[PDB]
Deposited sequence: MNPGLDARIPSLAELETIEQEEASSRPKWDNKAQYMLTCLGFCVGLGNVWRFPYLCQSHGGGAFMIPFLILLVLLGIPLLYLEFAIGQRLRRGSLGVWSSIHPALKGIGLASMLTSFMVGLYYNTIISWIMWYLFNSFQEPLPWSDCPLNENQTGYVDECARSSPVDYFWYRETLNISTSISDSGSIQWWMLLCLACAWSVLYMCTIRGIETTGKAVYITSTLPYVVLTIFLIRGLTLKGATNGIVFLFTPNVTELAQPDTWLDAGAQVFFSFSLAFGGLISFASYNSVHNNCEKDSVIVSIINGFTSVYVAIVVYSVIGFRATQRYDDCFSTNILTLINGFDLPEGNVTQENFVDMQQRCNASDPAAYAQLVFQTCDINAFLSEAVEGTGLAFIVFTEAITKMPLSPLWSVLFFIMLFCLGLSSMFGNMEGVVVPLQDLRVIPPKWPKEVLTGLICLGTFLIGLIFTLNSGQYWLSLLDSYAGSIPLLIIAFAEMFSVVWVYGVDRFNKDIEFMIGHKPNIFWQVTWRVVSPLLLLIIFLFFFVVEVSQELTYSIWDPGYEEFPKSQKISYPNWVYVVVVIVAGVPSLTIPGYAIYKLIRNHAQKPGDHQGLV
């Protein structure tokens, strides 16, 4: 590590749009709303806000500050503190790959909808007629046409994770475009993104505002809004609610991934990373709540319309459930708009840009570290590494093109983007407070900011944050052993078809969990041992 001296000598609007790039993403617009409805609004929102202040901000500040200090990427930072801690960056890289795997699938879906958004009568605006034009399609009439276009016309979802059917070639063609668009950006887009984020980070708020204006003017919006902030104590006492809220914060802030550390690694040795952390954290949080208010306003409308056809509570709880919640909700909203096609295009364009940028940043979190690992003949240009990475991920991504793809994505998302992040977070915190030393840390921050971190930072970094990730971790093991795995299925032929049918995951589903959530979590401890033993 350089001496503080070595730094000061090696030293010799924008602020806000770079900051914006960190507050928006598919994690805040696609994942957040779906996880909320999974816990009945309030019971998720409340814990999520609590943990965004006690783990979010502290960890974010602790990331920006460590990478500003060491002037090294995530894989160099940890190895520098202590050599037996390379594992952290390695686990960071694995997690990044496992998220990019299904992040592109999301982006494939986004474009698909964009492709279908150039028709005066949008294809989800109503129900399709049977072969004899005798009535509406049954599955479509019992469910919503917006449900029908997501579940049948788009995904052609099966009824189990075991029933795979074929590969949805439409999805393939989009995913091919998504990966190709990604490869093109990785080769050149990188610099362009630095010049394009100025709109990609602003457009979201613009479009969301329009959708907020319509959402709040929809009958029943309030029913939705209040449901988002009235916690069901019983659910608020579930160890899985506090486990999911925990991971959501790390996924929204992009913490426990490595990008933020590398980003700060290129900041001035005197940049105030204490303000950056706060500003970014606040906006990122507002963004998620803002998106939830938009979505829940629409959910309220839909449910209220059914409580009218016929408590609203039950209706709201059974309005929209799953990963496609965002696609279904925002599409329903679009249908209720003048010249809908224009709005559909605007929305899918901004979502595609928000996704492309989010995915590009994630790709870096896989390629950069690999390059540093020096695991390839130097000759091989970054192109080779990137193309190879893209190709490999795309190949596995075909699992989501299957008719059971949605079931797969849900499974992976529930693990690949959860426990692993929690582990990395704790590891990082501990390594900086107990290995690197909190005292040294405080002095270094006092050298670049001028003052030592307040008591808040101290208590959070030393006790509260670590303790929280310990109890939440324990929860994970009281949930994995005290709750049989179950997933909802879309079976048109089933009593209360529109209702949810939570079936049990096959036994082979555990080998999947052990791979996605296990390898990255054990990468840190494994490497440590390797080094230690090798050290003797």
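Participant: If you line up the deposited sequence with the model, which stretches have no C-alpha coordinates?
Facilitator: 1 to 8, 21 to 32, 331 to 377, 604 to 614 are the stretches of the deposited chain that have no C-alpha coordinates in the structure.
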